[PDB]
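This report refers to the structure that appears directly beneath it.
Below, each value reflects all heavy atoms present in this structure, side chains not excepted, and no hydrogens, waters or symmetry copies. Throughout, a chain's letter reflects where its sequence line sits, starting with A, and its residues are numbered from 1.
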2 protein chains.
Amino acid sequence: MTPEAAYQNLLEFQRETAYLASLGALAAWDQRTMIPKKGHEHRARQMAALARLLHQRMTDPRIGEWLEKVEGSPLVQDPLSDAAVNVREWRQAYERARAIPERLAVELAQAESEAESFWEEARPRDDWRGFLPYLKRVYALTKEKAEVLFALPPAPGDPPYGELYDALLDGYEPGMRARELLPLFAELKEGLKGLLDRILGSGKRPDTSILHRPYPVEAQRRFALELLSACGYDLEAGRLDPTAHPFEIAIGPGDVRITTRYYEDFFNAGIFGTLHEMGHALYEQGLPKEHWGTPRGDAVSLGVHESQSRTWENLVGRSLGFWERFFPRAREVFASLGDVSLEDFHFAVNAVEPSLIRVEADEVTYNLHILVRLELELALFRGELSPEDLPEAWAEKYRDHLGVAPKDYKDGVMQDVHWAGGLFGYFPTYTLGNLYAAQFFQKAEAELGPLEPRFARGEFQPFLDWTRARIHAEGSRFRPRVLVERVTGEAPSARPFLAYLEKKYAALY
Amino acid sequence: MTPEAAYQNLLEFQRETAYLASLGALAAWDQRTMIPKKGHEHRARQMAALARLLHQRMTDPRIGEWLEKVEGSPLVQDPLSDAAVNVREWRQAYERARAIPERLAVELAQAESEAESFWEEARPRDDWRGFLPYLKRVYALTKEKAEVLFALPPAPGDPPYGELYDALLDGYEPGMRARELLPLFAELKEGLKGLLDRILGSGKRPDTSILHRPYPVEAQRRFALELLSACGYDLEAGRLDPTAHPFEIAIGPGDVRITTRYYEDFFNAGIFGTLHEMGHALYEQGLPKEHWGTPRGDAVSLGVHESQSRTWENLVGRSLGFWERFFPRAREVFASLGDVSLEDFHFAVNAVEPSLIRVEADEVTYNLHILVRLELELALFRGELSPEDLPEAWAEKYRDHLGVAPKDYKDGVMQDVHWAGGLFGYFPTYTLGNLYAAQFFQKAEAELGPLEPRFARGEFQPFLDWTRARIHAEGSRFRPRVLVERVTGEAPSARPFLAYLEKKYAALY
């Protein structure tokens with residue numbers, strides 16, 4: 001067959017798999033939003049049937065046959081062309097999938113699912129003892145998956161693996177290596193320590209009490225919907241619904257949904273939860289629709305995805321400019337803000353404090369939470385730490401990095417579900433998101449001029465369009481590291497982030 | 001390979017397909033309820049992607065190999081066994097799937113998707129000239145499907161096909177033929193004609209104006225939810241959502257959903273729409289969960305399904321006892337009813353009047369609407385009527401059967417989406433439903449004693465449990481006609497229904 005014919009069959013086959021996965025995405029969305037209480041068991045079974053189908057498709061030998069027919073042909077001479085990008089990414093995903101033995105894939109998936117299930121009820125019981133076995137099983141299998149992927153060559157163009165852990169990192173942040181991460185965190189950790197010194201020793205203290213007053217949930221929903229359309233989220237191609245844990249899911253072109261958790265006596269959850277998810281949504285809604293279902297039209301990495309969510313949640317959402325625009329409106333919507341000034345409110349929503357729970361941590365201490373997890377993970381995969389000693393290491397790490405230590409498993413080593421889910425080499429992407437968010441922003445202001453005054457006028461479209469043309473439109477055409485460098489002109493760094501934190505908090509504390 | 005092993009592989013493979021198909025059900029539910037405005041084009045492509053996959057599974061030659069091993073074996077010696085039931089039905093579905101060319105199924109699915117889309121826009125418009133081309137395509141492809149299935153022997157034990165049309169009827173009502181339908185309709189036509197006359201010459205007149213007063217939609221929802229739980233609908237295994245066209249869909253065990261459509265100025269639609277879909281849902285919630293994804297656990301036919309919906313909407317929902325029980329509540333929820341008596345309200349929701357719109361038709365005239373469609377469909381497939389001459393035939397048919405005819409297309413041949421969706425040989429099942437409902441209800445009262453008093457007390461579980469044990473639990477163990485006879489002891493007849501109507505309206509009018 002001709003290369004064009006092989007490419008088309010590969011294109012059709014691969015998009016068919018994506019359409020099929022998107023039905024799973026809809027089911028996943030439904031499960032966290034509308035599914036009836038007694039429909040969970042059936043849902044799990046639907047997902048498992050789908051998972052088996054998708055796994056079969058992702059390892060179908062024909063993929064390799066067609067690829068070989070296209071690779072090396074004139075269709076992909078230009079590595080930047082849509083065809084070469086798709087073929088290159090398809091080959092890598094194909095190789096990664098086939099590298100993992102059947103039983104390994106089956107065991108790992110089952111272990112994660114079971115660990116997650118037991119964890120859901122174990123954490124509230126502070127039952128580490130009962131949970132450990134499930135965790136070790138997931139860990140042992142993950143280490144095995146990593147050893148297999150580590151013995152194999154990286155993706156063409158990517159740097160060699162420096163250690164087995166890089167094989168896991170690579171899966172979530174294509175091309176990232178521990179030797180590149182470590183120095184970024186070193187810079188970040190030092191800067192955050194210097195800043196926390198100033199803040200903790202400051203006489204100024206925000207009045208967070210204002211954020212815990214009454215905020216009618218139906219009102220929060222209305223306010224959220226207004227901020228959503230104001231920022232540029234297309235409600236004709238998405239929707240906002242309440243859920244236990246906020247998330248964003250893209251079903252397909254013209255259908256990207258977001259959710260948030262509202263608390264009647266906590267303003268932040270519902271509102272910033274919305275802006276956070278909206279950031280992910282804007283990225284998905286910005287991807288080239290004509291390329292949906294192919295690598296060219298896919299988001300490039302978790303780090304870049306998190307840079308878009310943090311950008312709108314924090315760089316935009318907690319900025320003074322943003323609130324000069326929306327604070328008066330919030331004053332009209334929420335009675336609890338009657339005797340509150342813009343200054344007090346803006347200070348309160350940016351309150352800093354070392355705490356125990358990562359998901360609730362403020363901008364400044366947040367990444368210290370990630371550093372803890374990263375160091376623990378490295379020690380694990382380097383054979384320096386045992387799963388049995390996680391609790392002790394965790395408490396000591398927290399005390400050392402945040403100045404506060406857990407008093408139980410519940411709010412300590414058992415707070416996140418990630419490890420139960422087999423998500424190792426995942427946590428660092430959150431930090432990468434914050435660092436990239438600031439780098440992109442610095443470049444955006446240099447080309448568009450200060451954004452604050454525009455936000456103050458409700459002018460978010462110029463900035464949004466910018467992220468579309470420079471980031472969203474590119475899909476997975478470039479490795480995340482290369483994308484950051486092409487847009488900002490500099491390789492990833494922690495400085496723009498630190499510079500951003502310093503300015504904003506120097507003014508607050 | 002022993003016959004047991006064959007049956008085991010078949011069961012597992014067929015249920016897997018069931019699970020995958022249920023993802024499509026969730027997509028169809030979402031498409032009519034939560035989908036964003038711009039997500040429709042993607043959803044249609046998702047449906048087509050799933051269809052391609054399912055077709056492959058449904059025609060997998062392994063199904064034939066396994067079926068041959070099990071047929072004639074000890075596993076199916078007992079015709080009423082779970083195994084025999086499933087094997088019999090799987091062979092029939094397998095032969096059907098293989099008979100219909102993949103290209104016809106695809107083209108037909110596309111012709112319907114397009115015909116429906118253009119329709120819902122061409123109906124509000126009196127555009128029949130624009131819709132006709134789309135209808136003719138769907139019709140042409142539907143006739144081809146009929147011809148393919150018609151050239152094949154019917155399912156074993158079923159009577160032979162008497163004409164092309166029966167091949168279509170069989171798909172919705174396994175075993176039903178125009179042969180048995182006509183005598184039922186002639187009977188029905190004779191009975192309805194006379195009752196409508198008595199009602200017209202009647203000096204009693206219902207105050208329908210009451211139903212057109214204001215009825216806050218939120219109050220309507222809260223009221224609907226009360227009726228649902230009070231009747232036995234498990235809201236923890238389902239949900240109620242607004243939609244453009246009320247329907248019900250079973251996602252899986254523990255997840256059966258319904259929808260309705262409220263009109264601020266019209267009581268009936270939202271309330272009786274809810275009860276109607278509930279009857280469908282009660283059936284699904286009553287099917288044997290252990291046999292889900294298996295013929296043995298599937299609903300038997302649209303007629304039996306519709307008998308359940310009309311049972312709760314009318315037989316229960318529009319009865320005197322039902323309202324003696326809930327009118328006081330209604331009186332309390334809606335101010336418009338503040339000055340209304342139970343007798344007047346009950347008379348109102350049972351008002352009879354020949355009209356043009358089928359879905360708005362009353363108990364007595366409703367089936368005449370179905371008669372018109374059947375005669376037309378028979379004329380079309382018998383080659384005695386051309387789709388271009390449907391408007392004229394529609395008018396004539398209506399005047400003769402109902403005494404009133406459409407003056408346009410909007411409220412004429414274009415009122416139902418059915419023909420655009422390719423639902424031919426479907427309408428007759430609505431009448432079987434009303435007939436079966438009357439027959440089922442009769443046996444029920446005989447064995448349970450007068451139900452009016454129980455309904456008056458809100459005691460519906462006994463009647464519901466009866467339907468579960470006698471109808472829902474059987475799944476598709478028996479052909480629909482046999483199911484009716486085994487439960488009621490009588491063959492399908494229009495007399496129990498006519499007896500029901502004559503007794504009810506002789507009292508009202």
Under 6.0 Å from the [atom1] atom of [X], do we count more than 12 heavy atoms belonging to anything else shown?
| X | atom1 | value |
| --- | --- | --- |
| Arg261(A) | CZ | yes |
| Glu120(B) | CD | yes |
| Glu264(A) | CD | yes |
| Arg32(A) | CZ | yes |
| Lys37(B) | NZ | no |

| said: Between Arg239(B) (side chain only) and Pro36(A) (backbone N and O only), is there a donor and an acceptor less than 3.5 Å apart? | reply: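 No, the answer is negative, given that no donor and acceptor are paired below the 3.5 Å cut-off.
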
| field | Contacting moiety of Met47(B), where chain A heavy atoms sit under 4.5 Å | value | neither

| said: At a 4.5 Å cut-off on heavy atoms, which part of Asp234(B) comes close to chain A: side chain, backbone, both, or neither? | reply: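 The answer is the side chain of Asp234(B).
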
| Do NZ/NE/NH1/NH2 and the carboxylate oxygens of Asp30(B) and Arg257(A) come within less than 4.0 Å? | yes

| Is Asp255(B) salt-bridged to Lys38(A), going by a charged N under 4.0 Å from an acidic O? |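 No, no charged N to carboxylate O under 4.0 Å.
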
| Worked verdict on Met34(A) versus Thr33(B) for side-chain contact (heavy atoms from CB on, under 4.5 Å) | CA-CA 11 Å; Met34(A) 311 288 152; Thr33(B) 58; over 6 Å; no

| field | Partner chain A: residue of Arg15(B), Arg43(B), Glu41(B), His40(B) with the largest heavy-atom pair count (under 4.5 Å) | value |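 Counting heavy-atom pairs under 4.5 Å, the top option is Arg43(B).
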
| Between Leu53(A), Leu26(A), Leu235(A), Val256(A), which has the largest tally of heavy atom pairs under 4.5 Å with chain B? |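 Maximum pair count with chain B is reached by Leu26(A).
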
| Do you know which two heavy atoms are closest between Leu23(B) and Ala27(A), and how far apart they sit? |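 Heavy atoms only, the tightest pair is CD2-CB, 4.0 Å.
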
| query | Closest heavy-atom contact between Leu20(A) and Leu50(B)? | reply |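 Closest pair (atom of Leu20(A), atom of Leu50(B), distance): CD2-CA, 4.2 Å.
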
| said: Can you confirm whether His42(B) sits close enough to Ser22(A) that some side-chain heavy atom of one is under 4.5 Å from a side-chain heavy atom of the other? | reply: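 Yes; the side chains approach each other to less than 4.5 Å.
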
| query | Measuring from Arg45(A):CZ to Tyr19(B):OH, what's the distance to the nearest 0.5 Å? | reply | 5.0 Å

